[PDB]
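Contents: one structure, followed by commentary.
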Amino acid sequence: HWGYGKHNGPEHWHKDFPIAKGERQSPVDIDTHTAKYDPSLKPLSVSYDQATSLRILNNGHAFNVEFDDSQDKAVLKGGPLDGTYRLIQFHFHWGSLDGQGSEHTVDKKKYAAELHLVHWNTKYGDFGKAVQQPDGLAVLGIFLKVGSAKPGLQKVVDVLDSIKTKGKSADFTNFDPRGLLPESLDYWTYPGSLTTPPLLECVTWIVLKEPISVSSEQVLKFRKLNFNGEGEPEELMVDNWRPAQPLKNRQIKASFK
Ligand SMILES: NS(=O)(=O)c1cc(C(=O)CSc2nc3cnc4ccccc4c3[nH]2)ccc1Cl
Ligand SMILES: [Zn+2]
């Protein structure tokens with residue numbers, strides 16, 4: 001039922017999912033001036049050398065590139081995190097125009113898109129149990145701006161026509177998510193939630209300061225995807241972002257400056 005339209009978009013989600021008005025909802029605006037530099041924060045450890053991508057799926061809201069998370073192969077640690085978080089999937093949120101599309105904002109700035117690399121805490125055994133825990137997930141968020149192409153993105157862009165509509169999937173092996181990372185791993189971090197229903201308050205958000213650039217042609221291909229299934233009226237998959245939510249009783253920490 002939920003989606004991103006006038007009638008079922010973010011401002012409606014609270015009726016099915018009451019925590020949408022909770023105390024640690026995401027995304028948020030990152031006020032860079034009031035983010036607290038924490039010299040005790042560690043460098044993020046991104047260990048994606050042995051990542052095994054499996055498949056790409058249009059789930060009707062976005063597309064997910066899924067990984068084999070049945071061993072410690074692509075893991076996130078360090079940073080604000082205790083213990084080890086395994087990559088399960090990544091996906092993006094993007095706009096109908098270059099001036100919008102990110103979920104997090106930085107001093108109210110919206111990026112064209114935002115990449116979420118979703119990881120679950122191995123102490124909880126699997127993703128489904130992890131999302132019921134307050135430290136269950138760690139999502140690495142990376143902003144996308146439009147400029148020069150991201151060559152490491154092109155494999156993803158080129159398979160989108162094979163997953164145009166809801167429920168379509170395609171094999172997607174040997175994709176290296178290191179090609180989606182900017183040079184710096186400087187980040188902001190704060191406790192929050194899934195940005196999509198069920199909006200569970202289980203995420204440590206780690207948002208990189210440095211965006212990656214992607215070309216106008218790459219983001220255009222995102223915008224040709226469909227939220228509908230095959231054989232249904234075409235509604236372009238665009239503006240699949242949730243706006244900034246109240247920060248409430250939270251502090252955003254900076255690993256830099
Ligand atoms: N936008 S986000 O917060 O990074 C984020 C997005 C998503 C998705 O939207 C993937 S599609 C997706 N469909 C479902 C259905 N039920 C779920 C129940 C619990 C948890 C996830 C669920 C889910 N995720 C999954 C995890 C995260 Cl952390
Ligand atoms: Zn997301």
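Letters for chains follow the order of the structure tokens (A, B, ...), residue numbers begin at 1 for each chain, and ligand numbers begin at 1 in the order shown.
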List every residue of chain A that has an atom at most 12 Å from any atom of ligand 2, and for each one report the closest atom pair and its distance in Å to one decimal, counting only C-alpha atoms and all ligand atoms, with rows sorted by chain and then by increasing residue number, as a tab-separated table.
residue	atom	partner	partner_atom_place_in_ligand_line	distance
A:26	CA	ligand 2	1 (Zn)	9.7
A:27	CA	ligand 2	1 (Zn)	9.2
A:61	CA	ligand 2	1 (Zn)	9.8
A:62	CA	ligand 2	1 (Zn)	8.4
A:63	CA	ligand 2	1 (Zn)	9.9
A:64	CA	ligand 2	1 (Zn)	9.5
A:65	CA	ligand 2	1 (Zn)	11.9
A:89	CA	ligand 2	1 (Zn)	10.0
A:90	CA	ligand 2	1 (Zn)	7.9
A:91	CA	ligand 2	1 (Zn)	6.1
A:92	CA	ligand 2	1 (Zn)	6.0
A:93	CA	ligand 2	1 (Zn)	6.3
A:94	CA	ligand 2	1 (Zn)	10.0
A:101	CA	ligand 2	1 (Zn)	11.2
A:102	CA	ligand 2	1 (Zn)	9.4
A:103	CA	ligand 2	1 (Zn)	7.9
A:104	CA	ligand 2	1 (Zn)	10.0
A:113	CA	ligand 2	1 (Zn)	10.3
A:114	CA	ligand 2	1 (Zn)	7.7
A:115	CA	ligand 2	1 (Zn)	7.0
A:116	CA	ligand 2	1 (Zn)	5.0
A:117	CA	ligand 2	1 (Zn)	8.0
A:118	CA	ligand 2	1 (Zn)	8.0
A:119	CA	ligand 2	1 (Zn)	11.6
A:138	CA	ligand 2	1 (Zn)	11.5
A:139	CA	ligand 2	1 (Zn)	8.3
A:140	CA	ligand 2	1 (Zn)	9.6
A:141	CA	ligand 2	1 (Zn)	8.2
A:142	CA	ligand 2	1 (Zn)	10.4
A:143	CA	ligand 2	1 (Zn)	11.5
A:193	CA	ligand 2	1 (Zn)	10.0
A:194	CA	ligand 2	1 (Zn)	7.2
A:195	CA	ligand 2	1 (Zn)	6.0
A:196	CA	ligand 2	1 (Zn)	7.0
A:197	CA	ligand 2	1 (Zn)	10.6
A:199	CA	ligand 2	1 (Zn)	10.7
A:203	CA	ligand 2	1 (Zn)	11.1
A:205	CA	ligand 2	1 (Zn)	10.8
A:207	CA	ligand 2	1 (Zn)	11.8
A:240	CA	ligand 2	1 (Zn)	9.2
A:241	CA	ligand 2	1 (Zn)	8.0
A:242	CA	ligand 2	1 (Zn)	9.0
A:243	CA	ligand 2	1 (Zn)	11.9
Margin query: When DSSP is applied to the backbone of this structure, which of stretch 39-151 of chain A are assigned strand (DSSP E)? Write them out as an MDAnalysis selection string.
Written below: chainID A and resid 44:47 53:58 63:67 75:78 85:94 105:106 113:121 137:146
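The interatomic distance for the pair atom CA of residue A:23 and atom CA of residue A:41 works out to 23.4 Å.
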Margin query: At a cut-off of 10 Å, using only C-alpha atoms, what residues contact residue A:109? Leave out same-chain residues fewer than 6 positions from it and give the result as number ranges by chain.
Written below: A: 29-30, 99-100, 102
Residue subset to file, keeping C-alpha atoms, as a PDB file, in the first residue's frame:
ATOM      1  CA  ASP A  29      19.193  17.152   7.978  1.00  0.00           C
ATOM      2  CA  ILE A  30      22.863  17.114   8.948  1.00  0.00           C
ATOM      3  CA  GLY A  99      18.055  19.155  -7.499  1.00  0.00           C
ATOM      4  CA  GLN A 100      16.453  16.524  -5.250  1.00  0.00           C
ATOM      5  CA  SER A 102      18.779  12.381  -1.377  1.00  0.00           C
TER       6      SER A 102
END
Item checked: residue A:153 surroundings by only C-alpha atoms, 10 Å radius, close-in-sequence under 6 positions cut, as number ranges by chain -> A: 175-177, 179-180, 214-215, 218
Using the selection just defined, write its residues with N, CA, C and O atoms as a PDB file, in the first residue's frame.
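Contents of the output file again-v3.pdb:
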ATOM      1  N   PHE A 175      29.919  -7.996  -8.972  1.00  0.00           N
ATOM      2  CA  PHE A 175      29.883  -6.542  -8.865  1.00  0.00           C
ATOM      3  C   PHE A 175      30.704  -6.112  -7.674  1.00  0.00           C
ATOM      4  O   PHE A 175      30.426  -6.584  -6.566  1.00  0.00           O
ATOM      5  N   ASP A 176      31.655  -5.177  -7.834  1.00  0.00           N
ATOM      6  CA  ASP A 176      32.507  -4.717  -6.749  1.00  0.00           C
ATOM      7  C   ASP A 176      32.015  -3.411  -6.196  1.00  0.00           C
ATOM      8  O   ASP A 176      32.176  -2.356  -6.795  1.00  0.00           O
ATOM      9  N   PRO A 177      31.442  -3.433  -4.979  1.00  0.00           N
ATOM     10  CA  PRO A 177      30.933  -2.168  -4.445  1.00  0.00           C
ATOM     11  C   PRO A 177      32.003  -1.184  -4.026  1.00  0.00           C
ATOM     12  O   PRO A 177      31.699  -0.003  -3.809  1.00  0.00           O
ATOM     13  N   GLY A 179      33.832   0.175  -6.071  1.00  0.00           N
ATOM     14  CA  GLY A 179      33.813   1.187  -7.118  1.00  0.00           C
ATOM     15  C   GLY A 179      32.750   2.299  -6.921  1.00  0.00           C
ATOM     16  O   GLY A 179      32.622   3.178  -7.740  1.00  0.00           O
ATOM     17  N   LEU A 180      31.980   2.206  -5.835  1.00  0.00           N
ATOM     18  CA  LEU A 180      30.956   3.187  -5.520  1.00  0.00           C
ATOM     19  C   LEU A 180      31.421   4.110  -4.386  1.00  0.00           C
ATOM     20  O   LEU A 180      30.644   4.991  -4.030  1.00  0.00           O
ATOM     21  N   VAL A 214      28.192  11.186 -10.385  1.00  0.00           N
ATOM     22  CA  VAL A 214      27.654  10.282 -11.415  1.00  0.00           C
ATOM     23  C   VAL A 214      27.240  11.167 -12.603  1.00  0.00           C
ATOM     24  O   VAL A 214      26.966  12.374 -12.434  1.00  0.00           O
ATOM     25  N   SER A 215      27.148  10.609 -13.797  1.00  0.00           N
ATOM     26  CA  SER A 215      26.806  11.501 -14.915  1.00  0.00           C
ATOM     27  C   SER A 215      25.306  11.684 -15.035  1.00  0.00           C
ATOM     28  O   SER A 215      24.498  10.905 -14.502  1.00  0.00           O
ATOM     29  N   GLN A 218      23.813   8.562 -16.340  1.00  0.00           N
ATOM     30  CA  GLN A 218      23.617   7.452 -15.372  1.00  0.00           C
ATOM     31  C   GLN A 218      22.334   7.680 -14.555  1.00  0.00           C
ATOM     32  O   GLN A 218      21.535   6.750 -14.384  1.00  0.00           O
TER      33      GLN A 218
END
Item checked: residue A:1 environment, 12 Å, only C-alpha atoms, sequence neighbours closer than 4 positions dropped, as a list in words ->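 These residues fall inside the cut-off: residues 5, 7, 8, 9, 10, 12, 13, 15, 16, 17, 60, 61 and 197 of chain A.
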Note to self: Counting only C-alpha atoms and all ligand atoms, which residue out of A:206, A:225, A:35, A:44 sits closest to ligand 1?
What the structure shows: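 The shortest atom-to-atom distance to ligand 1 comes from A:206.
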Next item on the list: Can you list, as a VMD selection string, all residues belonging to stretch 26-249 of chain A that DSSP tags as helix (DSSP H, G or I)?
Entry: chain A and resid 122 to 124 127 to 130 151 to 163 177 to 180 216 to 222
Resulting file, chosen residues, C-alpha atoms, as a CSV table (one decimal), in the first residue's frame:
chain,number,residue,atom,x,y,z
A,122,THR,CA,26.5,-10.4,13.0
A,123,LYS,CA,25.8,-10.8,16.7
A,124,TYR,CA,22.1,-11.2,15.7
A,127,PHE,CA,19.0,-9.5,8.9
A,128,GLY,CA,15.5,-10.3,10.1
A,129,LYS,CA,16.5,-10.6,13.7
A,130,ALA,CA,18.9,-7.7,13.4
A,151,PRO,CA,32.7,4.2,-13.9
A,152,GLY,CA,32.1,1.7,-11.1
A,153,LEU,CA,28.4,2.5,-11.4
A,154,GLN,CA,28.0,1.7,-15.0
A,155,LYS,CA,27.5,-2.1,-14.6
A,156,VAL,CA,24.5,-1.3,-12.4
A,157,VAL,CA,23.1,1.2,-14.8
A,158,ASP,CA,23.4,-1.1,-17.8
A,159,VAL,CA,21.4,-3.9,-16.3
A,160,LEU,CA,18.4,-1.6,-15.3
A,161,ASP,CA,16.5,-2.2,-18.5
A,162,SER,CA,16.3,-5.9,-17.6
A,163,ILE,CA,14.5,-5.0,-14.3
A,177,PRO,CA,30.9,-2.2,-4.4
A,178,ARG,CA,34.4,-0.6,-3.8
A,179,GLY,CA,33.8,1.2,-7.1
A,180,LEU,CA,31.0,3.2,-5.5
A,216,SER,CA,23.5,12.9,-16.0
A,217,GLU,CA,23.1,9.9,-18.3
A,218,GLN,CA,23.6,7.5,-15.4
A,219,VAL,CA,20.9,9.1,-13.2
A,220,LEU,CA,18.6,9.4,-16.2
A,221,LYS,CA,18.7,5.6,-16.5
A,222,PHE,CA,17.6,5.3,-12.8
Checklist line | Point-to-point distance in Å for atom CA of residue A:238 and atom CA of residue A:96 | finding: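 Calculated distance between atom CA of residue A:96 and atom CA of residue A:238 is 5.0 Å.
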Next item on the list: May I have the residues within 10 Å of residue A:82 as a PyMOL selection string, using only C-alpha atoms and disregarding those fewer than 5 positions away in the same chain?
Entry: chain A and resi 77+121+135
Note to self: Which residue is closest to ligand 1? Choose from A:49, A:107, A:68, A:126 and count only C-alpha atoms and all ligand atoms.
What the structure shows: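 When distances to ligand 1 are compared using only C-alpha atoms and all ligand atoms, the smallest one comes from A:126.
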Next item on the list: Could you check which of A:42, A:111, A:190, A:132 is closest to residue A:251, using only C-alpha atoms?
Entry: A:190
Check: What does the distance between atom CA of residue A:227 and atom CA of residue A:200 come to in Å, to one decimal place?
Finding: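 So the answer is 22.6 Å.
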Item checked: Proximity to residue A:210 - best of A:71, A:184, A:34, A:133, only C-alpha atoms -> A:184
